[PDB]
Amino acid sequence: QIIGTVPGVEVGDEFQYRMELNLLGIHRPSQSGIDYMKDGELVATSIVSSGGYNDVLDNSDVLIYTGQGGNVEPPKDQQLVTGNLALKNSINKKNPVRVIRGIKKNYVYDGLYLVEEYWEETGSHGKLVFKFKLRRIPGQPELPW
Amino acid sequence: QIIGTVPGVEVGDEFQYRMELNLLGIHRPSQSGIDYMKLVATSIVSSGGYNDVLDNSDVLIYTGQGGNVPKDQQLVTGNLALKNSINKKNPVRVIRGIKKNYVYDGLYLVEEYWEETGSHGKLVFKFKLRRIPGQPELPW
DNA sequence: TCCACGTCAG
DNA sequence: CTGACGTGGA
Ligand SMILES: [Cl-]
């Protein structure tokens, strides 16, 4: 499974099903929001933001992406591991990450981003949540919204 | 959603995903084994999930859904569909899961059904479908 | 073995 | 709202 741009897939491309991001090699997991891979430190390779968490899409070049897990079953911390750990190490690896957005014909490839930072958030209950600040790599084609 | 043969879909056709039987209108549910409509049955998927019987012949025994196969099973929704399809003598598409994941096996009728007191004490239905004679052959 | 920003239709 | 012969990858 490959980093960066994917042959055949262009910014603004749309898809109906998660299972096509997998087929085309854009995003492997069938449900999970984060896909990553061993480098042996985990690095992130793509994320889907499609309404499942409290993600922030400004219609700008910055997005806040919520970490997975913790029930955001009963309310638990979130954990810096698997996907979450991937995204973080991708802060330092400065590697590009595909970002796919779910739309109100269901998904759109939004292009490449980097993970500038992450932080923690004591939530409305008392448990952790991570937030990863991704910036879109400047100079890619644009999309409407 | 249509009964009988589907335009564009031929016996022996294969597919990788449940979500293509839906796209092509072969079988709507994404997981469920039985699809029906206002109740008569219109298609079933037998892909290893229950103790179905595939003789490599023209008859198949299809297990009813539910009951955790621990509760009885119930003659309702899909199960009820299949049964009323006994009397409606309407054709039913039958898709088989294979060990690139699914294969349209053609048309069948539901000749009968019965009940089976299982290894625990609760119900299970079994529907005997016979393949409509005179369609191309699937090898196995 | 188990979880996950599934996905459909009653 | 939730049950249903789901998928893929850790
Ligand atoms: Cl698909």
Side-chain angles (χ1 to χ4, degrees), chain A residues 1 15-23 25-37 40 42 45-57 63-72 78-79 81-87 98-103 105-108 110 129-130 132, chain B residues 1 15-23 25-37 39 42-52 54 60 62-69 73-74 76-82 94-98 100-102 124 127:
Chain A
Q1 71 109 162
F15 315 94
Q16 179 159 27
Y17 291 131
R18 280 291 293 268
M19 212 51 67
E20 310 175 34
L21 313 177
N22 166 285
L23 183 148
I26 298 174
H27 187 78
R28 287 172 322 153
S30 55
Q31 304 182 196
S32 173
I34 308 172
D35 195 8
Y36 59 100
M37 79 184 191
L42 300 181
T45 64
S46 58
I47 67 185
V48 191
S49 175
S50 64
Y53 288 62
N54 292 317
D55 295 335
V56 180
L57 301 83
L63 76 91
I64 325 260
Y65 191 75
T66 307
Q68 60 194 348
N71 303 289
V72 173
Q78 279 195 348
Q79 222 107 289
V81 290
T82 32
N84 297 347
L85 183 66
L87 255 345
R98 285 170 306 270
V99 159
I100 294 93
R101 310 188 307 87
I103 45 196
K105 53 148 54 52
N106 287 318
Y107 298 96
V108 69
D110 177 36
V129 186
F130 300 101
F132 299 79
Chain B
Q1 71 110 162
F15 315 94
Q16 180 159 28
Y17 291 131
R18 281 290 294 266
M19 213 50 68
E20 309 175 34
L21 314 175
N22 165 285
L23 183 148
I26 297 174
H27 187 78
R28 287 173 321 154
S30 56
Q31 305 183 196
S32 174
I34 309 172
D35 194 8
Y36 59 100
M37 78 184 192
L39 300 183
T42 63
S43 58
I44 67 185
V45 192
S46 174
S47 64
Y50 289 61
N51 291 318
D52 294 336
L54 301 83
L60 77 89
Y62 192 75
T63 308
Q65 59 194 348
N68 303 290
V69 174
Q73 278 195 347
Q74 223 107 288
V76 110
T77 31
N79 297 349
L80 183 65
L82 256 347
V94 157
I95 295 92
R96 311 188 307 87
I98 45 197
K100 52 149 54 52
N101 287 317
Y102 298 97
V124 187
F127 299 80

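Computed over heavy atoms, backbone and side chain alike; hydrogens, waters and symmetry mates excluded. Protein chains get the first letters and strands the later ones, always in sequence-line order, with residue 1 at the start of each.
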> For the pair made of NZ in A:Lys105 and P in C:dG6, what is the distance, rounded to whole Å?
Replying inline: 18 Å
> Between C:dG6 atom P and A:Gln68 atom CD, what is the distance in whole Å?
Replying inline: 12 Å
> side-chain hydrogen bond (donor to acceptor under 3.5 Å, both in side chains) with A:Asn22: which residues, sequence neighbours excluded?
Replying inline: none
> Under the side-chain hydrogen bond (donor to acceptor under 3.5 Å, both in side chains) test, which residues partner B:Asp35, sequence neighbours left out?
Replying inline: B:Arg28
> Who passes side-chain hydrogen bond (donor to acceptor under 3.5 Å, both in side chains) against A:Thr66, sequence neighbours left out?
Replying inline: A:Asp55, A:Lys131
>> Under 4.0 Å, heavy atoms only, any strand: does A:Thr82 hit a base, just the sugar-phosphate, or nothing?
In response: sugar-phosphate
>> Looking at C:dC5 and A:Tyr53: do their rings stack (centroid distance under 5.5 Å, interplanar angle under 30°)?
In response: yes
>> From CE of B:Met19 over to P of C:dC8, roughly how many Å is that when rounded to an integer?
In response: 5 Å
Enumerate the protein-to-nucleotides 1-3 of chain D contacts in which both atoms are nitrogen or oxygen and the separation is below 3.5 Å.
none

>> Please give me the minimum heavy-atom distance between B:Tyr50 and B:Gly64, naming the atom from each residue.
In response: CE2-O, 3.3 Å
> Backbone N or O of A:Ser32 within a donor-acceptor pair of the A:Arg18 side chain at under 3.5 Å?
Replying inline: yes
>> Once side-chain contact (heavy atoms from CB on, under 4.5 Å) is applied, do any residues pair with B:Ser30, and if so which ones, sequence neighbours excluded?
In response: B:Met19
> Counting only side-chain N and O atoms of A:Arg28, is one of them less than 4.0 Å from OP1 or OP2 of D:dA10?
Replying inline: yes
> With a 4.0 Å cut-off on heavy atoms, is A:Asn22 in touch with a base, just the backbone sugar-phosphate, or nothing at all?
Replying inline: sugar-phosphate
> Using a cut-off of less than 4.0 Å, is there contact between a side-chain N or O of B:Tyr17 and OP1 or OP2 of D:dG8?
Replying inline: yes
>> If stacking means aromatic ring centre less than 5.5 angstrom from the base's six-membered ring centre, planes under 30°, is A:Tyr107 stacked on C:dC5?
In response: no
> A:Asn84 and A:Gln78: which non-hydrogen atoms are nearest, and at how many Å?
Replying inline: ND2-OE1, 4.1 Å
>> Evaluate A:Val99 against A:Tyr65 for side chain to side chain contact (heavy atoms under 4.5 Å, CB included), listing each step before the verdict.
In response: CA-CA 10 Å; A:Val99 159; A:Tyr65 191 75; over 6 Å; no
> Roughly how many Å is it from CD in B:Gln16 to P in D:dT7, rounded to a whole number?
Replying inline: 9 Å
>> Expressed as a whole number of angstroms, how long is the span from B:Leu21:CG to D:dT7:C1'?
In response: 14 Å
>> So if I take every side-chain heavy atom of A:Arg18 and compare against D:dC5, D:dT7, C:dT7, which nucleotide ends up nearest?
In response: C:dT7
> Do A:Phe15 and A:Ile100 have side-chain heavy atoms sitting under 4.5 Å apart?
Replying inline: no
> Does a distance-only test, which skips hydrogens and angles, find a donor-acceptor pair under 3.5 Å between the side chain of A:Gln31 and the base of D:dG6?
Replying inline: yes
>> How many whole angstroms separate atom NE2 of A:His27 from atom P of C:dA4?
In response: 14 Å
> Looking at side-chain heavy atoms only, is the closest gap between B:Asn51 and B:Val124 below 4.5 Å?
Replying inline: no
>> Using whole Å, what does the distance between atom P of nucleotide D:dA4 and atom CD1 of B:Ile34 come to?
In response: 11 Å
>> Nearest whole Å is fine: how far is D:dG8 P from A:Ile26 CD1?
In response: 16 Å
>> Could you tell me how far D:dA4 sits from D:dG8 if I compare only their P atoms? Round to whole Å.
In response: 22 Å
> Expressed as a whole number of Å, how far does the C1' atom of C:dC5 sit from that of D:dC5?
Replying inline: 26 Å
> If a stem is a run of at least 3 consecutive Watson-Crick or G-U pairs, both distances under 3.5 Å, which stems include DNA chain D?
Replying inline: C:1-4 with D:7-10, C:7-10 with D:1-4
